[PDB]
Each structure stands twice: as C-alpha cells, then as structure tokens.
>>> print(open('model.cif').read())   # mmCIF, C-alpha atoms
data_target
#
loop_
_atom_site.label_atom_id
_atom_site.label_comp_id
_atom_site.auth_asym_id
_atom_site.auth_seq_id
_atom_site.Cartn_x
_atom_site.Cartn_y
_atom_site.Cartn_z
CA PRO D 3 -64.51 -1.79 -20.79
CA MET D 4 -64.44 -4.33 -18.00
CA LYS D 5 -62.01 -6.93 -16.73
CA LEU D 6 -62.89 -10.55 -15.96
CA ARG D 7 -60.81 -13.49 -14.74
CA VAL D 8 -59.80 -15.99 -17.43
CA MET D 9 -60.97 -19.54 -16.78
CA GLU D 10 -60.86 -22.74 -18.79
CA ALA D 11 -63.50 -23.59 -21.40
CA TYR D 12 -65.89 -26.47 -20.97
CA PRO D 13 -64.66 -29.39 -23.14
CA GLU D 14 -67.46 -29.20 -25.74
CA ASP D 15 -66.70 -25.50 -26.33
CA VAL D 16 -63.06 -26.06 -27.23
CA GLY D 17 -62.24 -24.84 -30.72
CA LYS D 18 -65.44 -22.84 -31.20
CA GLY D 19 -63.85 -19.43 -30.63
CA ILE D 20 -66.33 -18.48 -27.92
CA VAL D 21 -66.18 -16.91 -24.50
CA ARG D 22 -68.77 -17.41 -21.80
CA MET D 23 -69.58 -14.70 -19.29
CA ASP D 24 -72.65 -13.91 -17.28
CA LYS D 25 -75.56 -11.69 -18.19
CA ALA D 26 -74.71 -8.88 -15.73
CA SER D 27 -71.27 -8.71 -17.32
CA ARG D 28 -72.71 -8.55 -20.84
CA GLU D 29 -75.12 -5.83 -19.74
CA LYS D 30 -72.23 -3.80 -18.32
CA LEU D 31 -70.37 -4.13 -21.64
CA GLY D 32 -73.47 -3.36 -23.69
CA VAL D 33 -73.11 -6.62 -25.62
CA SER D 34 -75.67 -9.28 -26.50
CA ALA D 35 -75.14 -13.01 -26.34
CA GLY D 36 -74.06 -14.07 -29.81
CA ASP D 37 -72.14 -10.83 -30.55
CA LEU D 38 -68.40 -10.60 -31.14
CA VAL D 39 -66.44 -9.00 -28.27
CA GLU D 40 -62.86 -7.68 -28.37
CA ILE D 41 -60.54 -9.09 -25.72
CA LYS D 42 -57.05 -7.81 -24.85
CA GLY D 43 -54.23 -9.64 -23.05
CA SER D 44 -50.43 -9.26 -23.77
CA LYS D 45 -50.46 -9.60 -27.55
CA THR D 46 -52.83 -8.59 -30.29
CA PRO D 47 -56.54 -8.18 -29.51
CA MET D 48 -58.84 -11.02 -30.42
CA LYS D 49 -62.54 -11.04 -31.26
CA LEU D 50 -64.46 -13.92 -29.72
CA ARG D 51 -68.18 -14.74 -29.74
CA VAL D 52 -69.73 -14.10 -26.36
CA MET D 53 -72.15 -16.81 -25.20
CA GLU D 54 -74.18 -17.33 -22.07
CA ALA D 55 -72.79 -18.47 -18.74
CA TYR D 56 -73.97 -21.69 -17.21
CA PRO D 57 -76.06 -21.20 -14.04
CA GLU D 58 -73.27 -22.41 -11.77
CA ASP D 59 -70.85 -19.80 -13.17
CA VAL D 60 -73.04 -16.75 -12.60
CA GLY D 61 -71.49 -14.07 -10.42
CA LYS D 62 -68.01 -15.62 -10.38
CA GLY D 63 -66.39 -12.68 -12.24
CA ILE D 64 -64.97 -15.03 -14.87
CA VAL D 65 -64.75 -15.41 -18.64
CA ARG D 66 -64.30 -18.96 -19.95
CA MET D 67 -62.15 -19.40 -23.05
CA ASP D 68 -60.21 -22.25 -24.55
CA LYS D 69 -56.48 -22.87 -24.57
CA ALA D 70 -55.90 -21.77 -28.16
CA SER D 71 -57.65 -18.48 -27.33
CA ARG D 72 -55.62 -17.95 -24.16
CA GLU D 73 -52.40 -18.65 -26.06
CA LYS D 74 -53.28 -16.15 -28.85
CA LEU D 75 -54.08 -13.55 -26.24
CA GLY D 76 -50.99 -14.32 -24.17
CA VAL D 77 -52.88 -15.11 -20.94
CA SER D 78 -53.31 -17.99 -18.49
CA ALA D 79 -56.16 -19.11 -16.27
CA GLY D 80 -56.51 -16.64 -13.36
CA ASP D 81 -55.30 -13.57 -15.27
CA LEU D 82 -57.56 -10.59 -15.66
CA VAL D 83 -58.32 -9.77 -19.31
CA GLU D 84 -59.95 -6.60 -20.61
CA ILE D 85 -63.13 -6.94 -22.63
CA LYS D 86 -64.65 -4.25 -24.87
CA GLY D 87 -68.19 -4.44 -26.32
#
>>> encode(input="model.cif", output="structure tokens")
Amino acid sequence: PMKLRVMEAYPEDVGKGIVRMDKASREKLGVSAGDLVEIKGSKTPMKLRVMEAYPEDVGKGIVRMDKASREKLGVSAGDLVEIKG
C-alpha cells in the first residue's frame, strides 16, 4: 500500500467517484488507470476509480477526490490516505 495527500477534485470530476493520481503512484500500487482502488481514511474503506493525473499534478504526491468521497472516507484536504491496489 501507499499513502498520498488528499486534494480537491477538479470541478468536472465531482460526483464521478474517481480519484486522480500520477502514473508512478499507480505503478507502485500495481494498478492501471481505469481500475478500482481501495482507499482507507477514518471510516469504512471506499473503492474509487483511479484515473490519470493532469500534467501539472505529476510528482506532487497527491490524490484528487471530491467532497462526497472525502466525507465518506472521513478525511479532509491535506490528510494522508492509504491506497491499496
């Protein structure tokens, strides 16, 4: 597993149940873009669909997810979350 820093979703991604993280991160987790990933925060795990990072977000150590997803997980922007592939 790996940990990444929660950040806000881009507006058009809100409500799609996706997370964006970079390709190095996906490679470390052994996941492919378009797969479900399991994320853990303070409550129950959640599965979210992992999608590509935008160029400007590469290397930032972040995972973008929307507010509904952060609330279900029990996390806020800036928190580490654990991802499993």
>>> closest_residue(input="model.cif", among="D:29, D:68, D:15, D:40", to="residue 83 (chain D)", atoms="all atoms listed in the file")
D:40
>>> closest_residue(input="model.cif", among="D:39, D:31, D:20, D:77", to="residue 4 (chain D)", atoms="all atoms listed in the file")
D:31
>>> residues_around(input="model.cif", residues="residue 55 (chain D)", least_positions_apart="4", cutoff="7 Å", atoms="all atoms listed in the file", output="ChimeraX atom specification")
/D:22-24,59-60
>>> atom_distance(input="model.cif", atom1="CA of residue 21 (chain D)", atom2="CA of residue 56 (chain D)")
11.7 Å
>>> resolve_selection(input="model.cif", expression="the PyMOL selection byres ((chain D and resi 41-46) around 8)", output="PyMOL selection string")
chain D and resi 39-40+47-50+74-77+83-86
>>> resolve_selection(input="model.cif", expression="the PyMOL selection byres ((chain D and resi 64) around 8)", output="MDAnalysis selection string")
chainID D and resid 6:9 23 59 61:63 65:66
>>> atom_distance(input="model.cif", atom1="CA of residue 26 (chain D)", atom2="CA of residue 38 (chain D)")
16.7 Å
>>> atom_distance(input="model.cif", atom1="CA of residue 33 (chain D)", atom2="CA of residue 52 (chain D)")
8.2 Å
>>> decode(input="model.cif", residues="region 39-85 of chain D", atoms="C-alpha atoms", output="CSV table (one decimal), in the first residue's frame")
chain,number,residue,atom,x,y,z
D,39,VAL,CA,-8.7,1.1,-5.9
D,40,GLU,CA,-9.5,0.7,-2.2
D,41,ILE,CA,-8.9,3.8,-0.1
D,42,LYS,CA,-8.9,4.0,3.7
D,43,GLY,CA,-9.4,7.0,6.0
D,44,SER,CA,-11.2,7.1,9.4
D,45,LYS,CA,-14.3,5.2,8.5
D,46,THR,CA,-15.2,2.3,6.1
D,47,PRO,CA,-13.0,1.7,3.1
D,48,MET,CA,-14.2,3.0,-0.2
D,49,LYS,CA,-13.5,1.8,-3.8
D,50,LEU,CA,-12.9,4.6,-6.3
D,51,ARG,CA,-11.9,4.5,-9.9
D,52,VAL,CA,-8.4,5.6,-10.4
D,53,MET,CA,-7.8,8.0,-13.4
D,54,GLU,CA,-4.8,9.7,-14.8
D,55,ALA,CA,-3.2,12.8,-13.3
D,56,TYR,CA,-3.1,16.0,-15.2
D,57,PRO,CA,0.5,17.0,-16.3
D,58,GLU,CA,0.6,19.8,-13.8
D,59,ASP,CA,-0.1,17.4,-10.9
D,60,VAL,CA,2.6,14.9,-11.6
D,61,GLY,CA,5.0,14.3,-8.8
D,62,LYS,CA,3.0,16.3,-6.2
D,63,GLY,CA,2.3,13.2,-4.0
D,64,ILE,CA,-1.4,13.8,-4.1
D,65,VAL,CA,-4.7,12.0,-4.8
D,66,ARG,CA,-7.6,14.2,-6.0
D,67,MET,CA,-11.1,13.2,-4.8
D,68,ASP,CA,-14.3,15.0,-4.4
D,69,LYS,CA,-16.0,16.3,-1.3
D,70,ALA,CA,-18.6,13.5,-1.1
D,71,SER,CA,-15.7,11.0,-1.3
D,72,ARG,CA,-13.7,12.7,1.4
D,73,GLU,CA,-16.7,12.9,3.7
D,74,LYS,CA,-17.4,9.1,3.2
D,75,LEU,CA,-13.8,8.4,4.0
D,76,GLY,CA,-13.7,10.8,6.9
D,77,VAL,CA,-10.8,12.9,5.6
D,78,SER,CA,-10.0,16.5,4.6
D,79,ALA,CA,-7.7,18.1,2.1
D,80,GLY,CA,-4.1,17.7,3.3
D,81,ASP,CA,-4.6,14.4,5.1
D,82,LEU,CA,-2.7,11.3,4.1
D,83,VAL,CA,-4.9,8.4,3.0
D,84,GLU,CA,-3.8,4.8,2.4
D,85,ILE,CA,-4.4,3.3,-1.0
